Amino acid sequence: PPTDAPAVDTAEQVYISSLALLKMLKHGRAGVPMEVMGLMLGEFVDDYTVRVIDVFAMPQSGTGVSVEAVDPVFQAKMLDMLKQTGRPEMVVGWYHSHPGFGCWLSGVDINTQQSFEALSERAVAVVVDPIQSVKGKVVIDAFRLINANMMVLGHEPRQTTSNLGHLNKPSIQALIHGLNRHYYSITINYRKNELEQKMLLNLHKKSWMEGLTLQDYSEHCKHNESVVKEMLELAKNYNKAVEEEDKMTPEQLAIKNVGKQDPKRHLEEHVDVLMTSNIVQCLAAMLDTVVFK
Amino acid sequence: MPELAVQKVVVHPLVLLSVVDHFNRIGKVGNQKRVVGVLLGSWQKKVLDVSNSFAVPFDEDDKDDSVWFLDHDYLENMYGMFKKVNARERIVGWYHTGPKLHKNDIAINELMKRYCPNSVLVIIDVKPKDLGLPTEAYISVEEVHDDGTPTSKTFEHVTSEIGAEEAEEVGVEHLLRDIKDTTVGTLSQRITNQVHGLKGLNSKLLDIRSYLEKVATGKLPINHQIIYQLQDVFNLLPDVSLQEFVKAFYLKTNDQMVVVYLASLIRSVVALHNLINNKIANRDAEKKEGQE
Amino acid sequence: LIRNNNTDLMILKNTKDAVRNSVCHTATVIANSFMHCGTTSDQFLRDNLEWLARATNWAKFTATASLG
């Protein structure tokens, strides 16, 4: 070469701002049966990092992911309406849900993204599973198609851009020709602002909650009554368990899972609710005696 | 309202994040400014469940109060844009980024009311500082007064809080694994509620004290109503039935201990039996530690 | 270093043969960058110019630096 040759190598990452993610989850779970889709608005820094700052849905038809209610006039109209708010943003990608199963791209899925590849060259297709994502990590990947033609022509070991890694499996269905023929795995990050963090952190307005109140003292004796009688019932069975365990080997006390009502587990289960209650039950009365003295 | 058609206004976290994102959209040199959006939501009882919101181009003079602009046409376009994406998303009110109320607000409340009666304000903060929730909800009612002054559009406070869905829940969950709050167990959690509660009463009362001190001197014309209510406060304080109350409160405590005693005792016995189990497992592990 | 290279060049031919797939190509062409440090030996490159053509974008940045 007398001049540089085409290049691609890149550890592509997506920042999804704490705002966006919540909208993708919510709106995406709206359509468990018929998955929704949405445009992704934000900026595009250097060339290693997509910055999705915000998203907004698109309408649909009533069968699935049609692109006859993915009107060019919808996204046109909206883009102008968000310029007049104060968002000089452009389309960077398109996300949808594949609820209930693995974060992969289907034939129509692939094909669709191909259109966002002609219209624009920088497109990440981001995937959210509002069902499985529940509680914990939040299953959410990202994918970008890869030129299958160039792969056939000898650039098959030349679709390796320099990404980091962490391995997947259940989507090896279409990821064995996905990761290794049709698309690949981008990696996801977040940006935990301190203002958003001090905002969400709020979940209780207590200046009228506990400590300025306390349950009804006839509602509270009817509670103790019940528990401290259940104590008796469990107690008896507890003696009957302490005679048994002595005369048996731990394999038979191991598989003892018929009527869990007998053992310690329920005297602990109780005492920690009872106590709790009551202690504090306890302090609440005293504290108010001085506070509103 | 007198109507039982409003009471618990419940705002989901993504709204909070949405107004806090809107406050930095405008935020160039147009910051230090009230910014306003419309609240989309659903409701069917004593609730106004807020879910979605989107900024509406809004301007306001910084010394006048009749010079405010709000692109209601923009609303009658977007409102339909979002309806076309989710049915069941009427306009249940509109939010105003604080820090507190402005005389101008009532005016706005009637250019948003041309859509939905019952519209509410939801003052959200752009600065974490309060220890209660950054979400106060007002309604535009009107009343008559014993003094004989003409009817008015005032603003009346209704209780507020934030709720969630499974989606919302999970996103927030995910965003607070840095600031862990789950290491803290039950018992201590509620002691926290009872100290953090005094942290509220303290500053609320403090605010009333600054107000009373404000009219007494450094004059600020008296509003008989405030002082009225402020009398009911000092009649309601628990006092006049002192001796009897004492003799009773002591008794109910006595009970409370009786049951704590029992609790801690059982707890002890059970833990000790646990210890016997350890010792015997240790002897039988010592027979194995020998052998070959 | 030049007068006493005591290392076997038949070990690195098995590692060059086995794995020249994807990033591994870089890895091997840095093994030499340490296996012949200071001994001034570019016989991995003079006699095997096929991997310099196979070299990606940045494997060309770590093949011109293996001579420094």
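Numbers in chain A come straight from Swiss-Prot, and the residues shown are 18-310, in order.
A Cβ is built for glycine as well, from the same backbone N, Cα and C atoms used for every other residue.
Of A:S78, A:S114, A:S224, the one with phosphoserine in Swiss-Prot is A:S224, while the others lack that note in the record, though it may still apply to them. Here Swiss-Prot gives motif 'JAMM motif' for one range in the set A:43-56, A:113-126, A:239-252, A:281-294: that range is A:113-126. For the annotation phosphoserine, the record in Swiss-Prot points to A:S150 among the listed residues A:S132, A:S150, A:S235. The most densely surrounded of the modified residues A:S150, A:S224, A:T266, judged by C-beta neighbours within 10 angstroms, is A:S150. If you draw a 10 Å sphere around the CB of A:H113 (Zn(2+) binding site), it holds 22 other CB atoms from the protein chains shown.
Its Cβ placed at the centre, A:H115 (Zn(2+) binding site) has 21 other Cβ atoms within 10 Å.
Note on proximity: among A:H113, A:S150, A:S224, the recorded positions of the record, the Cα nearest A:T266 (phosphothreonine) is that of A:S150. Summary of the Zn(2+) site environment: with the site residues A:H113, A:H115, A:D126 set aside, the chain residues having Cβ atoms within 8 Å of the Cβ mean position are A:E52, A:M54, A:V82, A:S114, A:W121, A:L122, A:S123, A:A142, A:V144.
Long-range Cβ contacts of A:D126 (Zn(2+) binding site) within its own chain (separation 6+, distance under 8 Å): A:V82, A:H113, A:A142. Taking DSSP states H, G and I as helix and E and B as strand, the domain 'MPN' (A:31-166) has 39 helix, 41 strand, 56 coil.
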